[PDB]
Structures are given as C-alpha cells and as structure tokens.
Amino acid sequence: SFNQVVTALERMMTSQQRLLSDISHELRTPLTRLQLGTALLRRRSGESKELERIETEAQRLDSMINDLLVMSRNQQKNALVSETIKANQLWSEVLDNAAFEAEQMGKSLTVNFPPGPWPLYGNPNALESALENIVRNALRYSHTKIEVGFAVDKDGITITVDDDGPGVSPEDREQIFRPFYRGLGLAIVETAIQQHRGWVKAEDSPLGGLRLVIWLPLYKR
Amino acid sequence: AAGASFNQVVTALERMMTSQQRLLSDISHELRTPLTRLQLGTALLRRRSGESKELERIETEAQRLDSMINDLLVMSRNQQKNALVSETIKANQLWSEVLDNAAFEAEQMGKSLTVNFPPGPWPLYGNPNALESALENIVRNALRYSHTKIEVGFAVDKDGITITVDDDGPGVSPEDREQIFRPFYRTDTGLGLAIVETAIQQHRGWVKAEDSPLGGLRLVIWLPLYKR
Ligand SMILES: Nc1ncnc2c1ncn2[C@@H]1O[C@H](COP(=O)(O)OP(=O)(O)O)[C@@H](O)[C@H]1O
C-alpha cells in the first residue's frame, strides 16, 4: 500500500500537468495559425511597423503560455525537493551579488542585521530567488540606498528590505503583488513564500520609500 | 513517524496545488494584455494596407484566442477545491447524492432522469471529489441538451464498473465525437469533458462518446475495480 499511495499521488499530479499541457496546446492551436499567417503576409507583401508589432505581440503571448507550463512544473519541483537549511548559508551569496550590483549603479546596499545559523525547511533555490527579486526591485525604486535586516524569534525569521525611493501610496500597498511587472513580477514571491508557510507585506519605509517584509517559520524537529 | 512523514508530504502537495491554482488565474489575466495590443495592431494594418485573406485569417484567429482566454478566466474562478486525497470507496455511496440532486433538477425542468441500473457496493480506489464531479458534469451536460429524458446505467464485471449516460437530445456528429473532449471545444466554458477525461484517465479508467439509442449522445465511463 505504500507503493499504492505513491502511485496514486503521482497520478494526481501527472493528470494536473496533462490537463495544463493540453490547455496550452489548445491555446497554441490558433496562435500558431496566426504566426503562420503573419509569416506568409511578411513574404508576400513587405515588412511594416504594424506587422512587426503583431508578430512581437504573438511571441509575447506564446512566452506567457511557456512560463505557465514551467512555473507550474517548478512548483512541483519545489514541493518534492526541500531540505533543512541555515539562514546565513542560504542567502549569503544573494546579498553578496546584490552588494556588488549596488556598487556598480553608484548606490549603497547595507546589511545592518545579518542572518545567522537559523533552521529553515524548504527548497533553497526557491527562497534564494525569492529575496533576490525583492532585492533587485529595491535597487530599482531606490535613489541611493537600500537596507536589509534579519530578525528571529521563537516562531521565525523576518527579512526586511528598505529603500529611499518614491515608495507606494497607502491604497496601492496591498495591490503590489501580480506577475509580469514591467524582477519578473512580485506575485511570484507571494506564491513562493506562502508555499513555504510564510507571509509577505509591503509598508512605509523609514528610509522614505517602500518596506518589504518576508516572514518564514523556523524549522523544529 | 511512518505516517507523520506522509502527512507532511500531503500538506506540501496541498499547498503546491493551491499555488498552481493562483499561477493559472494570474497568467490568464495577463493574457488579455498582449491580445488587445495584437487586435489594435491588425486594425491599424487593415487601415494602412488593404484587407487580405491573411489579415482576415489573423483577425479570426485573434477572436478565436480571445474566446478561449474568456473561457480560461471563468474556469480559473471556481477551481477544483479541496482534492488530493485517495481512498477506498463504494460506488453506491459515491454517486448516490450526485444522482439524487440530478433527479431533482430534471423534475424542475419538466424532464425525467432514470437510473435503470443503480450502483452497488463496488470497491474503488481514488479521489472521491474527482469521481463525484466527473459524472456530475456528464449529467449536467445531458440535462441541458436532452429534450425530455436522460438514462443512467451502472454495470460491473471482474475488471470494472461501466457508467453509461444517455439523452434524447440532438447529440454530436461522428467527426466531433472525440473532439468534444478537448479543452475549450464546442460544437455550437468548453472545459467540461476536458476535466472529466482527465479525472477518469487519472484513475486509469476511460471515457468515450457514442450514438445514444435514445437519439442523442451516449457517454461511457469505464473505471477499474480496486483489488486488495
Ligand atoms: N449531451 C450532449 N449532447 C450534445 N452535445 C453535447 C453534449 N454534451 C456535450 N456536448 C457538446 O460538447 C461540447 C463540450 O462539452 P463540455 O466540455 O462539457 O463543455 P460545456 O462546459 O459547455 O458543457 C459542448 O459545448 C457541446 O457542444
């Protein structure tokens, strides 16, 4: 029955993925026809700003569908692949690359309260890229400075990212999380952190901009 | 700790599923952004250059996609809530309520549902919510398209249960029989048989559409029995 349960859980998941790859094939059915259509028009007639725009909007859609497949598969990679990991070990490189990128922009990143050997359970690549996006995003709004701080209590780690940028109005605070924001978006992070039983909140930064608060629970055996 | 390690994995996959629920509804919301840009692009090209077989085709493929995005946005809301648990279950317990609500809905429409061959205490292993909503959609369908009557029949052998749903409605042409199972497919949301086909194939069973002796469409669900 251990095998029976394993085989059952595999089929729950493979069927979810089948349904998704079948929706994407059905969305691509007219999309490929559209792309074949522009291709024939491009050869028959000339190239134009309009035809260029139609062709790039077609790619933009196919890319989104392609992200939907991958990001779905990755959420499975994330639930099945997980381990006990220390706060300082996990995000040290993240903060080091980020410190260098600020130095290049002429800006200054400061880790006032550094992470310690604090137990976390979960996908390391997921949590690595979670803070990485918040930190890349804080390098955008910020005029000159960014500040990262780590806190720990009996319940969990609290990561706080602050910028001296323009920030966000009280109304827009709750509505700062949706994808394809033009890192990628900020809803990837919300999903990623809620996947690890944590939460994310946006606030007024004492620096003048926006304060991003990531909370994750500590790992207890 | 033998089952404590299972709960933890189940809870993880539960959170994994609800995160894939969100991701889908968010992609679908974002898909109308480039589509409108594409439609304003063809519109300007129609104005600049002339009208052509190509431009006509691109414009109709854009509509076809828009429709799908709408269907995807509706079947983003009302997601398949609280699934993922497989268990041993008896056929009669499983679909009793399904057939009872369905018998009442027919009575309201002035139509008549008949369970000629009822389900028995037959062993099944799998997600109950998945199998309940599988037949539920097939009967939802058969209630809508039928003119006056619907017939449900259960059969069992050493290999498995065979559920047959028949309606006196218009039915489907020989060509569209397999096509009605595809996502967004409609003969004229189209995600009904898409979901049923997945739910059955998941339980290593099968679904087929045929000519009904009642005059409409015959839907055949075959599931295997659970052996201890
Ligand atoms: N009982 C039926 N009789 C005739 N046509 C049917 C029947 N059931 C389904 N169809 C056709 O197959 C299509 C696909 O079915 P389905 O996936 O369940 O979509 P929907 O959610 O609109 O019912 C329907 O839109 C309809 O054209």
# chains A, B, ... in the order shown; residues from 1 in each chain; ligands from 1

$ interface_residues --of "chain A" --to "chain B" --cutoff "8 Å" --atoms "only C-alpha atoms" --output "PDB file with N, CA, C and O atoms, in the first residue's frame"
ATOM      1  N   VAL A   5      -0.053   4.223  -2.552  1.00  0.00           N
ATOM      2  CA  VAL A   5      -0.227   5.633  -2.185  1.00  0.00           C
ATOM      3  C   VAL A   5       0.692   6.502  -3.060  1.00  0.00           C
ATOM      4  O   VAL A   5       0.251   7.539  -3.561  1.00  0.00           O
ATOM      5  N   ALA A   8      -0.641   6.587  -6.544  1.00  0.00           N
ATOM      6  CA  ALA A   8      -1.845   7.416  -6.518  1.00  0.00           C
ATOM      7  C   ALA A   8      -1.501   8.911  -6.568  1.00  0.00           C
ATOM      8  O   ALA A   8      -2.055   9.628  -7.408  1.00  0.00           O
ATOM      9  N   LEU A   9      -0.583   9.363  -5.703  1.00  0.00           N
ATOM     10  CA  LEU A   9      -0.133  10.750  -5.652  1.00  0.00           C
ATOM     11  C   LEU A   9       0.522  11.195  -6.961  1.00  0.00           C
ATOM     12  O   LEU A   9       0.374  12.357  -7.345  1.00  0.00           O
ATOM     13  N   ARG A  11      -0.195  10.022 -10.014  1.00  0.00           N
ATOM     14  CA  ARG A  11      -1.282  10.177 -10.979  1.00  0.00           C
ATOM     15  C   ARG A  11      -2.084  11.464 -10.737  1.00  0.00           C
ATOM     16  O   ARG A  11      -2.492  12.081 -11.717  1.00  0.00           O
ATOM     17  N   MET A  12      -2.285  11.889  -9.457  1.00  0.00           N
ATOM     18  CA  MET A  12      -2.959  13.161  -9.149  1.00  0.00           C
ATOM     19  C   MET A  12      -2.238  14.260  -9.875  1.00  0.00           C
ATOM     20  O   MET A  12      -2.838  14.965 -10.673  1.00  0.00           O
ATOM     21  N   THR A  14       0.439  14.001 -12.271  1.00  0.00           N
ATOM     22  CA  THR A  14       0.712  13.859 -13.702  1.00  0.00           C
ATOM     23  C   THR A  14      -0.509  14.321 -14.487  1.00  0.00           C
ATOM     24  O   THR A  14      -0.334  14.958 -15.527  1.00  0.00           O
ATOM     25  N   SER A  15      -1.734  14.036 -13.972  1.00  0.00           N
ATOM     26  CA  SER A  15      -3.008  14.413 -14.608  1.00  0.00           C
ATOM     27  C   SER A  15      -3.207  15.933 -14.590  1.00  0.00           C
ATOM     28  O   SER A  15      -3.715  16.472 -15.554  1.00  0.00           O
ATOM     29  N   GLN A  16      -2.769  16.612 -13.526  1.00  0.00           N
ATOM     30  CA  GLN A  16      -2.853  18.072 -13.414  1.00  0.00           C
ATOM     31  C   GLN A  16      -2.040  18.699 -14.526  1.00  0.00           C
ATOM     32  O   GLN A  16      -2.559  19.550 -15.268  1.00  0.00           O
ATOM     33  N   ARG A  18      -0.976  17.006 -17.253  1.00  0.00           N
ATOM     34  CA  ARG A  18      -1.513  16.640 -18.554  1.00  0.00           C
ATOM     35  C   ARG A  18      -2.509  17.692 -18.954  1.00  0.00           C
ATOM     36  O   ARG A  18      -2.291  18.321 -19.979  1.00  0.00           O
ATOM     37  N   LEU A  19      -3.527  17.964 -18.119  1.00  0.00           N
ATOM     38  CA  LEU A  19      -4.574  18.980 -18.360  1.00  0.00           C
ATOM     39  C   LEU A  19      -3.978  20.336 -18.755  1.00  0.00           C
ATOM     40  O   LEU A  19      -4.464  20.963 -19.702  1.00  0.00           O
ATOM     41  N   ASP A  22      -2.374  20.296 -22.155  1.00  0.00           N
ATOM     42  CA  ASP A  22      -3.434  20.179 -23.147  1.00  0.00           C
ATOM     43  C   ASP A  22      -4.172  21.487 -23.341  1.00  0.00           C
ATOM     44  O   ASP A  22      -4.638  21.728 -24.441  1.00  0.00           O
ATOM     45  N   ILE A  23      -4.260  22.337 -22.313  1.00  0.00           N
ATOM     46  CA  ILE A  23      -4.871  23.667 -22.438  1.00  0.00           C
ATOM     47  C   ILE A  23      -3.944  24.508 -23.299  1.00  0.00           C
ATOM     48  O   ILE A  23      -4.404  25.118 -24.259  1.00  0.00           O
ATOM     49  N   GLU A  26      -4.045  23.812 -26.931  1.00  0.00           N
ATOM     50  CA  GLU A  26      -5.304  24.310 -27.479  1.00  0.00           C
ATOM     51  C   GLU A  26      -5.234  25.806 -27.665  1.00  0.00           C
ATOM     52  O   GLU A  26      -5.838  26.289 -28.620  1.00  0.00           O
ATOM     53  N   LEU A  27      -4.442  26.525 -26.829  1.00  0.00           N
ATOM     54  CA  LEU A  27      -4.239  27.978 -26.926  1.00  0.00           C
ATOM     55  C   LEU A  27      -3.309  28.282 -28.055  1.00  0.00           C
ATOM     56  O   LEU A  27      -3.429  29.320 -28.694  1.00  0.00           O
ATOM     57  N   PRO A  30      -4.752  28.273 -32.296  1.00  0.00           N
ATOM     58  CA  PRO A  30      -4.970  29.466 -33.133  1.00  0.00           C
ATOM     59  C   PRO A  30      -3.743  30.370 -33.237  1.00  0.00           C
ATOM     60  O   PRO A  30      -3.536  31.044 -34.256  1.00  0.00           O
ATOM     61  N   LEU A  31      -2.936  30.376 -32.177  1.00  0.00           N
ATOM     62  CA  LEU A  31      -1.746  31.215 -32.084  1.00  0.00           C
ATOM     63  C   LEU A  31      -0.743  30.872 -33.183  1.00  0.00           C
ATOM     64  O   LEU A  31      -0.222  31.793 -33.815  1.00  0.00           O
ATOM     65  N   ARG A  33      -1.486  29.374 -36.013  1.00  0.00           N
ATOM     66  CA  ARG A  33      -2.167  29.733 -37.263  1.00  0.00           C
ATOM     67  C   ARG A  33      -1.946  31.219 -37.537  1.00  0.00           C
ATOM     68  O   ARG A  33      -1.620  31.589 -38.665  1.00  0.00           O
ATOM     69  N   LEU A  34      -2.055  32.049 -36.479  1.00  0.00           N
ATOM     70  CA  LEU A  34      -1.837  33.491 -36.520  1.00  0.00           C
ATOM     71  C   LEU A  34      -0.396  33.814 -36.945  1.00  0.00           C
ATOM     72  O   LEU A  34      -0.181  34.695 -37.784  1.00  0.00           O
ATOM     73  N   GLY A  37       0.189  32.903 -40.490  1.00  0.00           N
ATOM     74  CA  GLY A  37      -0.490  33.932 -41.260  1.00  0.00           C
ATOM     75  C   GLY A  37       0.350  35.168 -41.493  1.00  0.00           C
ATOM     76  O   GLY A  37       0.428  35.669 -42.627  1.00  0.00           O
ATOM     77  N   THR A  38       0.992  35.655 -40.413  1.00  0.00           N
ATOM     78  CA  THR A  38       1.857  36.837 -40.464  1.00  0.00           C
ATOM     79  C   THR A  38       3.091  36.538 -41.281  1.00  0.00           C
ATOM     80  O   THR A  38       3.533  37.404 -42.034  1.00  0.00           O
ATOM     81  N   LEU A  40       3.409  34.401 -43.843  1.00  0.00           N
ATOM     82  CA  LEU A  40       3.055  34.369 -45.242  1.00  0.00           C
ATOM     83  C   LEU A  40       2.818  35.770 -45.751  1.00  0.00           C
ATOM     84  O   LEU A  40       3.178  36.068 -46.889  1.00  0.00           O
ATOM     85  N   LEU A  41       2.224  36.638 -44.916  1.00  0.00           N
ATOM     86  CA  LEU A  41       1.969  38.034 -45.273  1.00  0.00           C
ATOM     87  C   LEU A  41       3.290  38.795 -45.380  1.00  0.00           C
ATOM     88  O   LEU A  41       3.432  39.637 -46.265  1.00  0.00           O
ATOM     89  N   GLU A  50       3.386  47.700 -38.200  1.00  0.00           N
ATOM     90  CA  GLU A  50       2.157  47.010 -37.817  1.00  0.00           C
ATOM     91  C   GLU A  50       2.423  45.521 -37.754  1.00  0.00           C
ATOM     92  O   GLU A  50       2.250  44.919 -36.690  1.00  0.00           O
ATOM     93  N   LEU A  51       2.921  44.944 -38.863  1.00  0.00           N
ATOM     94  CA  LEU A  51       3.259  43.520 -38.975  1.00  0.00           C
ATOM     95  C   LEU A  51       4.332  43.129 -37.945  1.00  0.00           C
ATOM     96  O   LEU A  51       4.260  42.044 -37.382  1.00  0.00           O
ATOM     97  N   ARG A  53       4.718  44.667 -35.020  1.00  0.00           N
ATOM     98  CA  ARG A  53       4.006  44.754 -33.745  1.00  0.00           C
ATOM     99  C   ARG A  53       3.140  43.527 -33.506  1.00  0.00           C
ATOM    100  O   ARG A  53       3.127  43.001 -32.391  1.00  0.00           O
ATOM    101  N   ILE A  54       2.416  43.074 -34.546  1.00  0.00           N
ATOM    102  CA  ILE A  54       1.544  41.898 -34.462  1.00  0.00           C
ATOM    103  C   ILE A  54       2.409  40.674 -34.128  1.00  0.00           C
ATOM    104  O   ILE A  54       2.100  39.959 -33.181  1.00  0.00           O
ATOM    105  N   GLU A  57       3.687  40.716 -30.520  1.00  0.00           N
ATOM    106  CA  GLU A  57       2.596  40.503 -29.560  1.00  0.00           C
ATOM    107  C   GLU A  57       2.230  39.012 -29.509  1.00  0.00           C
ATOM    108  O   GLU A  57       1.810  38.502 -28.460  1.00  0.00           O
ATOM    109  N   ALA A  58       2.426  38.317 -30.647  1.00  0.00           N
ATOM    110  CA  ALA A  58       2.209  36.884 -30.778  1.00  0.00           C
ATOM    111  C   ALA A  58       3.271  36.130 -29.958  1.00  0.00           C
ATOM    112  O   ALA A  58       2.926  35.199 -29.229  1.00  0.00           O
ATOM    113  N   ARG A  60       5.012  37.379 -27.399  1.00  0.00           N
ATOM    114  CA  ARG A  60       4.718  37.808 -26.028  1.00  0.00           C
ATOM    115  C   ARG A  60       3.692  36.878 -25.391  1.00  0.00           C
ATOM    116  O   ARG A  60       3.872  36.498 -24.237  1.00  0.00           O
ATOM    117  N   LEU A  61       2.663  36.462 -26.158  1.00  0.00           N
ATOM    118  CA  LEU A  61       1.651  35.513 -25.687  1.00  0.00           C
ATOM    119  C   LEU A  61       2.232  34.102 -25.524  1.00  0.00           C
ATOM    120  O   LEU A  61       2.083  33.514 -24.456  1.00  0.00           O
ATOM    121  N   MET A  64       4.329  33.764 -22.423  1.00  0.00           N
ATOM    122  CA  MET A  64       3.498  33.667 -21.229  1.00  0.00           C
ATOM    123  C   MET A  64       2.999  32.221 -21.020  1.00  0.00           C
ATOM    124  O   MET A  64       3.164  31.657 -19.932  1.00  0.00           O
ATOM    125  N   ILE A  65       2.447  31.613 -22.080  1.00  0.00           N
ATOM    126  CA  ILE A  65       1.969  30.228 -22.061  1.00  0.00           C
ATOM    127  C   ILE A  65       3.161  29.309 -21.652  1.00  0.00           C
ATOM    128  O   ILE A  65       3.007  28.431 -20.787  1.00  0.00           O
ATOM    129  N   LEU A  68       3.890  29.662 -17.960  1.00  0.00           N
ATOM    130  CA  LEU A  68       2.833  28.995 -17.234  1.00  0.00           C
ATOM    131  C   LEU A  68       3.150  27.491 -17.087  1.00  0.00           C
ATOM    132  O   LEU A  68       2.950  26.927 -16.011  1.00  0.00           O
ATOM    133  N   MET A  71       6.686  27.328 -14.720  1.00  0.00           N
ATOM    134  CA  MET A  71       6.386  27.769 -13.365  1.00  0.00           C
ATOM    135  C   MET A  71       5.463  26.798 -12.633  1.00  0.00           C
ATOM    136  O   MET A  71       5.567  26.697 -11.411  1.00  0.00           O
ATOM    137  N   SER A  72       4.601  26.073 -13.372  1.00  0.00           N
ATOM    138  CA  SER A  72       3.748  25.036 -12.796  1.00  0.00           C
ATOM    139  C   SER A  72       4.617  23.839 -12.431  1.00  0.00           C
ATOM    140  O   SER A  72       4.572  23.396 -11.287  1.00  0.00           O
ATOM    141  N   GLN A  75       6.748  24.490  -9.313  1.00  0.00           N
ATOM    142  CA  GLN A  75       6.027  24.437  -8.046  1.00  0.00           C
ATOM    143  C   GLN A  75       5.995  22.987  -7.534  1.00  0.00           C
ATOM    144  O   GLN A  75       6.080  22.786  -6.320  1.00  0.00           O
ATOM    145  N   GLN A  76       6.009  21.987  -8.448  1.00  0.00           N
ATOM    146  CA  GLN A  76       6.120  20.569  -8.093  1.00  0.00           C
ATOM    147  C   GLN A  76       7.561  20.265  -7.669  1.00  0.00           C
ATOM    148  O   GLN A  76       7.755  19.558  -6.680  1.00  0.00           O
ATOM    149  N   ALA A  79       7.810  21.512  -4.109  1.00  0.00           N
ATOM    150  CA  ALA A  79       7.169  20.790  -3.006  1.00  0.00           C
ATOM    151  C   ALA A  79       7.865  19.438  -2.691  1.00  0.00           C
ATOM    152  O   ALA A  79       7.967  19.056  -1.515  1.00  0.00           O
ATOM    153  N   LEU A  80       8.379  18.746  -3.725  1.00  0.00           N
ATOM    154  CA  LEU A  80       9.077  17.459  -3.561  1.00  0.00           C
ATOM    155  C   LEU A  80      10.551  17.638  -3.175  1.00  0.00           C
ATOM    156  O   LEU A  80      11.130  16.716  -2.590  1.00  0.00           O
ATOM    157  N   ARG A 178       1.281  40.972  -8.334  1.00  0.00           N
ATOM    158  CA  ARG A 178       0.763  40.429  -9.622  1.00  0.00           C
ATOM    159  C   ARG A 178       1.973  40.141 -10.589  1.00  0.00           C
ATOM    160  O   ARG A 178       2.983  40.820 -10.456  1.00  0.00           O
ATOM    161  N   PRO A 179       1.989  39.117 -11.487  1.00  0.00           N
ATOM    162  CA  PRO A 179       3.221  38.858 -12.256  1.00  0.00           C
ATOM    163  C   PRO A 179       3.421  39.810 -13.422  1.00  0.00           C
ATOM    164  O   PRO A 179       2.691  40.799 -13.539  1.00  0.00           O
ATOM    165  N   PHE A 180       4.436  39.507 -14.270  1.00  0.00           N
ATOM    166  CA  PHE A 180       4.842  40.255 -15.466  1.00  0.00           C
ATOM    167  C   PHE A 180       4.742  41.751 -15.225  1.00  0.00           C
ATOM    168  O   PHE A 180       3.914  42.440 -15.828  1.00  0.00           O
ATOM    169  N   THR A 191       3.531  33.862  -3.821  1.00  0.00           N
ATOM    170  CA  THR A 191       3.220  32.433  -4.022  1.00  0.00           C
ATOM    171  C   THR A 191       4.345  31.558  -3.397  1.00  0.00           C
ATOM    172  O   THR A 191       4.061  30.668  -2.586  1.00  0.00           O
ATOM    173  N   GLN A 195       3.945  29.250  -0.168  1.00  0.00           N
ATOM    174  CA  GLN A 195       4.262  27.839  -0.421  1.00  0.00           C
ATOM    175  C   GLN A 195       5.099  27.276   0.747  1.00  0.00           C
ATOM    176  O   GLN A 195       4.895  26.135   1.146  1.00  0.00           O
TER     177      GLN A 195
END

$ residues_near_ligand --ligand "ligand 1" --cutoff "10 Å" --atoms "only C-alpha atoms and all ligand atoms" --output "PyMOL selection string"
chain B and resi 71+75+137-146+150+165-173+176-197+209+211-212+215-219

$ residues_around --residues "segment 107-116 of chain B" --least-positions-apart "5" --cutoff "8 Å" --atoms "only C-alpha atoms" --output "number ranges by chain"
B: 102, 147-153

$ closest_residue --among "A:69, A:81, A:146, A:126" --to "residue 188 of chain A" --atoms "only C-alpha atoms"
A:126

$ select_by_dssp --residues "segment 36-204 of chain A" --states "strand (DSSP E or B)" --output "ChimeraX atom specification"
/A:83-86,108-113,119-122,145-152,156-163,199-204

$ write_last_selection --atoms "N, CA and C atoms" --output "JSON list (two decimals), in the first residue's frame"
[["chain", "number", "residue", "atom", "x", "y", "z"],
["A", 83, "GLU", "N", 14.77, 20.78, 1.96],
["A", 83, "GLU", "CA", 15.79, 20.37, 2.93],
["A", 83, "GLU", "C", 15.90, 21.38, 4.06],
["A", 84, "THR", "N", 16.56, 20.97, 5.18],
["A", 84, "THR", "CA", 16.86, 21.85, 6.32],
["A", 84, "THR", "C", 18.04, 22.70, 5.88],
["A", 85, "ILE", "N", 17.93, 24.03, 6.03],
["A", 85, "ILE", "CA", 18.97, 24.95, 5.59],
["A", 85, "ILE", "C", 19.10, 26.15, 6.55],
["A", 86, "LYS", "N", 20.33, 26.61, 6.75],
["A", 86, "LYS", "CA", 20.64, 27.72, 7.64],
["A", 86, "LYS", "C", 20.50, 29.04, 6.90],
["A", 108, "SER", "N", 24.17, 52.21, -2.61],
["A", 108, "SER", "CA", 24.77, 51.50, -1.47],
["A", 108, "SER", "C", 23.76, 50.59, -0.75],
["A", 109, "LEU", "N", 24.04, 49.28, -0.76],
["A", 109, "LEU", "CA", 23.26, 48.27, -0.05],
["A", 109, "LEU", "C", 23.93, 48.01, 1.30],
["A", 110, "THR", "N", 23.13, 47.96, 2.37],
["A", 110, "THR", "CA", 23.67, 47.75, 3.71],
["A", 110, "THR", "C", 22.91, 46.64, 4.43],
["A", 111, "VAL", "N", 23.65, 45.61, 4.88],
["A", 111, "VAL", "CA", 23.08, 44.51, 5.66],
["A", 111, "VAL", "C", 23.41, 44.84, 7.11],
["A", 112, "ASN", "N", 22.50, 45.57, 7.75],
["A", 112, "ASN", "CA", 22.66, 46.05, 9.11],
["A", 112, "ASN", "C", 22.57, 44.90, 10.10],
["A", 113, "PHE", "N", 21.56, 44.03, 9.92],
["A", 113, "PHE", "CA", 21.28, 42.87, 10.78],
["A", 113, "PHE", "C", 21.44, 41.61, 9.92],
["A", 119, "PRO", "N", 17.54, 27.56, 11.45],
["A", 119, "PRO", "CA", 16.96, 26.47, 10.66],
["A", 119, "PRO", "C", 15.69, 26.84, 9.88],
["A", 120, "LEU", "N", 15.75, 26.57, 8.57],
["A", 120, "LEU", "CA", 14.68, 26.75, 7.58],
["A", 120, "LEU", "C", 14.42, 25.45, 6.89],
["A", 121, "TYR", "N", 13.16, 25.13, 6.58],
["A", 121, "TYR", "CA", 12.90, 23.91, 5.84],
["A", 121, "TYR", "C", 12.24, 24.29, 4.56],
["A", 122, "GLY", "N", 12.80, 23.85, 3.44],
["A", 122, "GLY", "CA", 12.24, 24.16, 2.14],
["A", 122, "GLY", "C", 13.21, 24.16, 0.99],
["A", 145, "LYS", "N", 20.19, 54.50, -1.57],
["A", 145, "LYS", "CA", 20.40, 53.48, -0.55],
["A", 145, "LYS", "C", 19.28, 52.44, -0.44],
["A", 146, "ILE", "N", 19.69, 51.23, 0.00],
["A", 146, "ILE", "CA", 18.87, 50.04, 0.26],
["A", 146, "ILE", "C", 19.39, 49.41, 1.57],
["A", 147, "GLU", "N", 18.48, 48.90, 2.41],
["A", 147, "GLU", "CA", 18.86, 48.28, 3.68],
["A", 147, "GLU", "C", 18.14, 46.96, 3.91],
["A", 148, "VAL", "N", 18.93, 45.91, 4.21],
["A", 148, "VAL", "CA", 18.43, 44.55, 4.50],
["A", 148, "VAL", "C", 18.72, 44.24, 5.99],
["A", 149, "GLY", "N", 17.70, 43.69, 6.67],
["A", 149, "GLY", "CA", 17.75, 43.32, 8.08],
["A", 149, "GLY", "C", 17.06, 42.00, 8.39],
["A", 150, "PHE", "N", 17.74, 41.17, 9.19],
["A", 150, "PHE", "CA", 17.25, 39.85, 9.58],
["A", 150, "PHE", "C", 16.96, 39.77, 11.07],
["A", 151, "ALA", "N", 15.77, 39.28, 11.40],
["A", 151, "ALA", "CA", 15.30, 39.12, 12.77],
["A", 151, "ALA", "C", 14.84, 37.70, 13.00],
["A", 152, "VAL", "N", 14.95, 37.20, 14.22],
["A", 152, "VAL", "CA", 14.49, 35.86, 14.54],
["A", 152, "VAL", "C", 13.81, 35.89, 15.92],
["A", 156, "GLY", "N", 9.85, 32.48, 13.98],
["A", 156, "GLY", "CA", 10.51, 32.54, 12.69],
["A", 156, "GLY", "C", 11.37, 33.74, 12.38],
["A", 157, "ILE", "N", 12.00, 33.68, 11.19],
["A", 157, "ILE", "CA", 12.88, 34.68, 10.58],
["A", 157, "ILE", "C", 12.04, 35.76, 9.91],
["A", 158, "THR", "N", 12.43, 37.02, 10.07],
["A", 158, "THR", "CA", 11.74, 38.15, 9.46],
["A", 158, "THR", "C", 12.77, 38.97, 8.67],
["A", 159, "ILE", "N", 12.66, 38.92, 7.33],
["A", 159, "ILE", "CA", 13.55, 39.65, 6.43],
["A", 159, "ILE", "C", 12.87, 40.96, 6.04],
["A", 160, "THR", "N", 13.58, 42.10, 6.24],
["A", 160, "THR", "CA", 13.07, 43.44, 5.93],
["A", 160, "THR", "C", 13.98, 44.15, 4.94],
["A", 161, "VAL", "N", 13.41, 44.55, 3.78],
["A", 161, "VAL", "CA", 14.14, 45.27, 2.73],
["A", 161, "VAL", "C", 13.52, 46.70, 2.60],
["A", 162, "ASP", "N", 14.36, 47.73, 2.81],
["A", 162, "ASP", "CA", 14.01, 49.15, 2.79],
["A", 162, "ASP", "C", 14.78, 49.93, 1.73],
["A", 163, "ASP", "N", 14.12, 50.89, 1.05],
["A", 163, "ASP", "CA", 14.72, 51.73, 0.01],
["A", 163, "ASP", "C", 14.36, 53.20, 0.25],
["A", 199, "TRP", "N", 4.69, 34.61, 5.04],
["A", 199, "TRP", "CA", 3.91, 35.72, 4.51],
["A", 199, "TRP", "C", 4.79, 36.89, 4.07],
["A", 200, "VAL", "N", 4.21, 37.78, 3.24],
["A", 200, "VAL", "CA", 4.86, 38.98, 2.71],
["A", 200, "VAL", "C", 3.92, 40.17, 2.88],
["A", 201, "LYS", "N", 4.47, 41.32, 3.28],
["A", 201, "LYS", "CA", 3.73, 42.56, 3.49],
["A", 201, "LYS", "C", 4.56, 43.76, 3.01],
["A", 202, "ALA", "N", 3.89, 44.76, 2.45],
["A", 202, "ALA", "CA", 4.53, 45.99, 1.99],
["A", 202, "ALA", "C", 4.13, 47.13, 2.93],
["A", 203, "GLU", "N", 5.10, 47.97, 3.31],
["A", 203, "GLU", "CA", 4.87, 49.06, 4.26],
["A", 203, "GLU", "C", 5.64, 50.33, 3.90],
["A", 204, "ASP", "N", 5.47, 51.37, 4.75],
["A", 204, "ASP", "CA", 6.18, 52.64, 4.67],
["A", 204, "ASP", "C", 7.60, 52.44, 5.18]]
